[PDB]
Every structure is written in structure tokens, then in C-alpha cells.
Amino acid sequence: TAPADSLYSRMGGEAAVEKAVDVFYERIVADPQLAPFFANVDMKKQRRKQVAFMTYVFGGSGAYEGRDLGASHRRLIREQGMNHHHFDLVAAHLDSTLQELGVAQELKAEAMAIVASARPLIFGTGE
């Protein structure tokens, strides 16, 4: 059974969440300011990352399937210059995706709040 705060049903079901994350991911990698970070990413990793997006953003309490977010981006930040601007771009691509799909405002806002919760997990909480 799905958790109480699972957004899958309201998004139209798992297939619909999977399609929305596809559109979103396509936006990310088509972004000239993000594409360079994704050039090295092979297909197995891409698929794991999409599953992480699906479950982290829409899966609800206890549903997250994937690597720790801190560890996943630590090298990107230390060695390749990943920064808060890239996060802003990625958050905005999800917003655009949901808006373009016509997602109701309340549902869209819950999803965007969940995306925002990833920021301190990736960049730490502050010095």
C-alpha cells in the first residue's frame, strides 16, 4: 500500500508520474547550463536518477528509492562546480513541467515544496 502523503494517485497514477519525470529530465539535460554536468552520465545511472526523482518528489514518507543525496552530488560540487544556481535551474524545470502538464495549484505547490527540501541535503545546511 502507498503511504498517506504519496502524490502518485493525485498525479494520476505511477505511469503519469513517470511521464512527468521524463519530461522534466529532458528539460534538465537540454538546458545548456546543466548539460555539461550530464555528459558523463550513462544510461543505467540516468534511470536510477529518474527513479530517485520520482520517489523523492512524489513518493511520500518512506518511499525514497536511491542513493543518499549528499553523497550523490558531493563530487559534482567539489570537483565540477555544481552550485545553488544549478539547483535553482532544476527546481524551475520541474515547476515548468508541472505547469505545462496543467497540474492543479495545490498539488504543484506540494511537489515544489518537496523539491526545495532537497537543497540542504545536497549543499548542507550552512556554515
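The numbering used is simple: start at 1 and walk along the sequence shown.
- Two stretches are in play, 82-90 and 59-67, and the higher mean C-alpha B-factor belongs to 59-67.
- Set 116-124 against 4-12 and average the Cα temperature factors; 4-12 ends up higher.
- Within the selection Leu34, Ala52, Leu98, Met43, the deposited Cα B-factor values reach their highest point at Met43.
- Compared with the other modelled residues of the chain, the Cα B-factor recorded for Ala20 ranks in the middle third.
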